[PDB]
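Chemist: please find the sequence and an experimentally derived structure below.
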Amino acid sequence: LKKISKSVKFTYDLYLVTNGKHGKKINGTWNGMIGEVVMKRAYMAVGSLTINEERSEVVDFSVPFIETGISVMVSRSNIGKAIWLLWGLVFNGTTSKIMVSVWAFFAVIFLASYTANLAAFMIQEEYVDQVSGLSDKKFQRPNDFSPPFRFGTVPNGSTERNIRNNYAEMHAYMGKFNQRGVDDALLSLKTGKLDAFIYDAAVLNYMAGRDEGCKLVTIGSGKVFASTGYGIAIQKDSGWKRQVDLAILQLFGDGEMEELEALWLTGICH
Amino acid sequence: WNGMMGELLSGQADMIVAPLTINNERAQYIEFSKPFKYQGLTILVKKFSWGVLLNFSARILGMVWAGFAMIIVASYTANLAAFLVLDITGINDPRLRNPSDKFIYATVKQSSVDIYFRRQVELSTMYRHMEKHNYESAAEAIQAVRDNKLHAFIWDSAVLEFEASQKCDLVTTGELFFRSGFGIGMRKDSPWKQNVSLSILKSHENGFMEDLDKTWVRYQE
Amino acid sequence: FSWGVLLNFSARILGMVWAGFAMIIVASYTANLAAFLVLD
Amino acid sequence: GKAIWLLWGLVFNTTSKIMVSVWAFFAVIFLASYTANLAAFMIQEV
Ligand SMILES: *[C@@H]1O[C@H](CO)[C@@H](O[C@@H]2O[C@H](CO)[C@@H](O)[C@H](O)[C@H]2NC(C)=O)[C@H](O)[C@H]1NC(C)=O
C-alpha cells in the first residue's frame, strides 16, 4: 500500500473492521471488508481477500499479486561338505586350495561392497504422505474406517463456502471439527486432538516454515486445489481500477515482490 | 509491432488465445483477463604361505605379516569406500554473468523474455550474448541442445517440464523467478471481457483444470 | 558347539542358516552403529 | 603358556570358554570402533 499511494498520489487513512471477518452474504447482506465496500462506507479494502466468482459480482478485484489456494496440513509422523566349505567363505589337493583362496577373494569384494553400498542406503531415506489428496478415501469416507479420522476448518470463510458447494456430505462431516484460529488448530494438531486441518494455502505455508521445529507439514511437496489469487476490494465500477492494477504489473516487471516476500514470507524449515 | 500483437492491432485477428506472457507493454495496448497459467522462468540443460598372504622364529614374522595384511586390506577398504562415496544453478552462475564461447545460453528471437532481460540493464552482457544465438522457435533450440550444440536455454517452466517428461536427458535448473502467468489477449474494452474473465475464473474454481492437466500437463513420458 | 557358532541332516542345515542369520544381524548392527556415530 | 597365542589370534579372527567369549566380543566392538575411526579419519582433509 505504501508503494501504491506513491505513484497514483492518493491520500488515505485506515481503520479496523468490527463486524465480520472476511465477508459473508447473510440474508443477502455482506459484512466484513466486502460488506463495507458494498455500502461504500470505505472505498478500498486491503488484506487477505480470496478471489472467487461469488465475491466478484458485488465488488471489483484488481489483478492478484500473490498466488494461493486451499490446502490441508497434518503433523509429520515420526561332496556333502564341499558345498558346506564353500558356503562359509562368503559369510566371512593343491588345486583345491587354489580354488578356495580365489573364492575368498571374490567373497571379500562381495562383502566389502555390500556394507559400503548398504551404508549409502540409509543416507537417502525418505518419507511419504498418508493421504493422496482432497479426494482421499478417508476424506470422502470420513470416520468410515476402523480408525475414526478427524478434520475441520474455521467457519464463515471462503474455504468453507467452497467445500459446501462441491462436497455436501464432506462439508457436513466437518461441522463438529470447526476451529476458531490458526494457533488453535496448530496446537490441537500438536496435542493430537485433531488429525488434519484445512485452511488457506498461503498462510499455512508461512506457519510450516515458522513452527517450533518442523513437526507440522502440508500434504505432498506442496499441492494446490482450485488455484486463484489474493485481491484488493474496490468500490463498484471505480475509475481507479485502470490505474490501480497497472501499478501492480509494474511491480512484477521490476521485481519488488521477491525482496518483499523474502522479508515476510520466508521460512526456516525445508 | 509485429507477431500476435501486430496481427491483432491490424484487425485481421479478434482474440489471441495462446500462452501469452503478461507484461507491462501489452497491458497498455491491449486488454487481458485472469491468467490461466501459473509459472516462472528456468533453464533447460542436458544430462602354507598361500594360506597366509590371503587368509619358530619365522612364525613371529608370519603373524606380524598377517597383521600387516589385515591392516593393508582395511586401508584398501577405506580408500575404495572413499573412492565410491565421496568422489550453473540458475542465473547466479558467475560463468554466465561473464559468459564465453563455451557456455551457450540462448533464447527465442523477438520473444517476451528478450524484452524482459533488456528491461534490466544489469544483464546487458547477457543481452549482448544472447543476441548472437537467438533461435526462431523453441523446437529449434531443443533440437540444437539435443545435438549438444547448446548449453542452456532460458524458457518457461511448464514447457520444459513436459519436454523433460518426453526426453529423459532434458533437465531443469533450480531457480524459479519472475512468477508470472499466461492469459487471454483481447481487443480494447469490449463486452467480450467481463463474461470471459468470469468463465476463466469458473473454470479455475472447479476440477476442469485438473482434467485438462490429466489430458496434457499431468501426463509423463 | 552351538555356543561356539553363534559368536565364533537338518541339524547342520539349520546351523548354517543361523550362521547366515548371525552374519546379517552383525552386519546390520555395524551399519546402524556406524550411521548413528558418523552422520548424526 | 600357549593361551596368549590362541587368545590374541582370536582378536582378529568351562571357565576358559566364558572368558574368551567376553574378550572376543570386546574385540568385536574394538574393530567395530576401529572402522568408525576409519570413517572419522575419512572426513579429515599446503
Ligand atoms: C460465524 O458466524 C456466526 C454468526 O455471527 C457466529 O455465531 C455467533 O457466535 C457468537 C459467539 O459465540 C454468539 O454470541 C452469536 O450469538 C452467534 N450467532 C449466531 C447466529 O450463531 C459463529 O461463531 C461464527 N464462526 C465461528 C467463529 O464459530
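Modeler: Now that the structure is in, tell me what you want to look at. Numbering: from 1, shown residues only, chains lettered A, B, ... in the order given.

Chemist: for residue A:189, give me its contacts.
Modeler: Neighbour list for residue A:189: A:73, A:74, A:75, A:195, A:196, A:197, A:216 [criterion: Cβ atoms under 8 Å, 6 or more residues apart in numbering or on different chains]. All C-beta spots, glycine's among them, are computed from the backbone N, C-alpha and C.

Chemist: ok, these vs residue B:136, which is closest?
Modeler: residue A:73 (46.4 Å; Cβ to Cβ).

Chemist: ok, the residue lying closest to residue A:19 once chain neighbours are set aside - contacts?
Modeler: Excluding the flanking residues, the one nearest residue A:19 by Cβ to Cβ, 6 or more residues apart in numbering or on different chains is residue A:31, at 5.3 Å. Shown in contact with residue A:31 (Cβ under 8 Å, 6+ apart): A:19, A:20, A:23, A:24.

Chemist: and whatever residue of chain D ends up closest to chain C, how far from residue B:150?
Modeler: Proximity of chain D to chain C (Cβ to the nearest Cβ) peaks at residue D:39, 4.7 Å away. Distance from residue D:39 to residue B:150, counting by Cβ to Cβ, to the nearest Å: 42 Å.

Chemist: same drill for those two, tell me which one is more crowded.
Modeler: Legend: neighbour count by other Cβ atoms under 10 Å in any protein chain shown for residue D:39 and residue B:150, higher for residue B:150 (22 against 19).

Chemist: phi, psi of the residue lying closest to residue B:37 once chain neighbours are set aside?
Modeler: Among residues not flanking residue B:37 along the chain, residue B:182 sits closest, at 3.6 Å (Cβ to Cβ, 6+ apart). Main-chain dihedrals, residue B:182, degrees, to the nearest 10: phi -110, psi 130.

Chemist: from what I see, residue B:182 and residue B:32 are in contact.
Modeler: No: between residue B:182 and residue B:32 there is no contact under Cβ atoms under 8 Å: 10.1 Å.

Chemist: and the helices in the stretch 51-200 of chain A?
Modeler: All helices of the stretch 51-200 of chain A, identified by DSSP state H, counting those that start in this stretch, fall at A:80-90, A:94-123, A:137-140, A:158-164, A:168-173, A:182-191.

Chemist: deepest-packed of the ones you listed, please.
Modeler: Stretch with highest mean neighbour count among the helices of the stretch 51-200 of chain A: helix A:158-164 (a mean of 18; mean count of other Cβ atoms under 10 Å in any protein chain shown).

Chemist: so how far is the ligand from residue D:12?
Modeler: 72 Å (Cβ to the nearest ligand atom, to the nearest Å).

Chemist: packing partners of the longest helix belonging to chain B?
Modeler: Secondary structure of chain B per DSSP state H: the longest helix is helix B:57-85. Counting contacts by 3 or more Cβ pairs under 8 Å, 6 or more residues apart in numbering or on different chains; DSSP states H and E, helix B:57-85 is packed against helix A:94-123, helix B:49-53, helix D:3-12, helix D:15-43.

Chemist: for residue B:74, which of those is the nearest?
Modeler: helix D:15-43 (7.0 Å).

Chemist: any part of the closest one near chain A?
Modeler: No: judged by Cβ under 8 Å from any Cβ of the partner chain, helix D:15-43 stays clear of chain A, getting no closer than 8.9 Å.

Chemist: which residues touch the helix or strand encompassing residue B:203?
Modeler: Using DSSP states H and E, residue B:203 falls within helix B:194-205. Applying Cβ under 8 Å, 6+ apart, the contact partners of helix B:194-205 are A:51-53, A:56, A:162, A:226-228, B:33-34, B:36, B:184, B:186, B:209.

Chemist: now find how far off-centre it is within its chain.
Modeler: The chain centroid and the centroid of helix B:194-205 are separated by 30 Å under Cα atoms, centre = their mean, to the nearest Å.

Chemist: one more: stretch B:61-81?
Modeler: Using Cα atoms, centre = their mean, the offset of stretch B:61-81 from its chain centre is 49 Å.

Chemist: again, but for stretch B:22-31
Modeler: 26 Å.

Chemist: got the contact list for that stretch?
Modeler: A:246, A:249-250, A:253, B:1, B:5, B:8-9, B:16, B:20, B:32, B:35, B:112, B:115-116, B:180-183, B:185-190, B:193.

Chemist: mark which of those are buried, thanks.
Modeler: A:246, A:249, A:253, B:5, B:8, B:16, B:20, B:32, B:35, B:112, B:116, B:180-183, B:185-187, B:193 (16 or more other Cβ atoms under 10 Å in any protein chain shown).

Chemist: can you give me the strands in chain B?
Modeler: In chain B, the strands defined using DSSP state E lie at B:17-21, B:39-46, B:105-106, B:152-156, B:170-172, B:177-180, B:182-184.

Chemist: could those strands go into JSON lines alongside distance to residue A:204?
Modeler: Formatted as JSON lines, the strands of chain B follow (distance: least, Cβ to Cβ, whole Å):
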{"stretch": "strand B:17-21", "distance to residue A:204": "30"}
{"stretch": "strand B:39-46", "distance to residue A:204": "22"}
{"stretch": "strand B:105-106", "distance to residue A:204": "37"}
{"stretch": "strand B:152-156", "distance to residue A:204": "28"}
{"stretch": "strand B:170-172", "distance to residue A:204": "27"}
{"stretch": "strand B:177-180", "distance to residue A:204": "19"}
{"stretch": "strand B:182-184", "distance to residue A:204": "26"}
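
Chemist: reformat those as JSON lines; add distance to the ligand.
Modeler: Converted to JSON lines, the strands of chain B look like this (distance: least, Cβ to the nearest ligand atom, whole Å):
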{"stretch": "strand B:17-21", "distance to the ligand": "41"}
{"stretch": "strand B:39-46", "distance to the ligand": "36"}
{"stretch": "strand B:105-106", "distance to the ligand": "53"}
{"stretch": "strand B:152-156", "distance to the ligand": "42"}
{"stretch": "strand B:170-172", "distance to the ligand": "44"}
{"stretch": "strand B:177-180", "distance to the ligand": "33"}
{"stretch": "strand B:182-184", "distance to the ligand": "36"}
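
Chemist: residue A:13: which of those strands is closest?
Modeler: strand B:177-180 (32.3 Å).

Chemist: tell me the gap between stretch A:111-124 and the middle of its chain.
Modeler: So, by Cα atoms, centre = their mean, the centroid of stretch A:111-124 is 35 Å from its chain's centroid.

Chemist: next one: it, is it in contact with chain C?
Modeler: Yes: with Cβ under 8 Å from any Cβ as the criterion, chain C is reached by stretch A:111-124 at A:114, A:115, A:118, A:119, A:122, A:123.

Chemist: need the contact list for the second one.
Modeler: What it means is residue A:115. C:27, C:30, C:31.

Chemist: how near is the first one to residue C:36?
Modeler: Translated: residue C:27. 15 Å.

Chemist: and chain B, which of its residues are near chain D?
Modeler: Close to chain D, as judged by Cβ under 8 Å from any Cβ, chain B has residues B:63, B:66, B:67, B:70, B:74, B:77, B:78, B:81, B:82, B:86.

Chemist: which of the residues you listed are buried?
Modeler: By 16+ other Cβ under 10 Å, the residues of chain B next to chain D give B:77, B:78, B:81, B:82 as buried.

Chemist: closest one to residue A:65 out of those residues, please.
Modeler: residue B:82 (50.8 Å).

Chemist: wait, doesn't that closest one sit right on residue D:42?
Modeler: Yes: between residue B:82 and residue D:42 there is a contact at 5.5 Å, judged by Cβ under 8 Å.

Chemist: shouldn't residue B:110 be in contact with residue B:4?
Modeler: No: counting by Cβ under 8 Å, residue B:110 does not reach residue B:4; the two are 10.8 Å apart.

Chemist: please say which of these two ends up with more neighbours.
Modeler: A count of neighbours by other Cβ under 10 Å puts residue B:4 above the other of residue B:110 and residue B:4, at 15 against 10.

Chemist: any figure for the gap between the residue nearest to residue A:72 when sequence neighbours are not counted and residue A:74?
Modeler: The shortest distance from residue A:72 to any non-neighbouring residue, by Cβ to Cβ, 6+ apart, is to residue A:198 (4.7 Å). Distance from residue A:198 to residue A:74, counting by Cβ to Cβ: 10 Å.

Chemist: right, I'll call it a day here.
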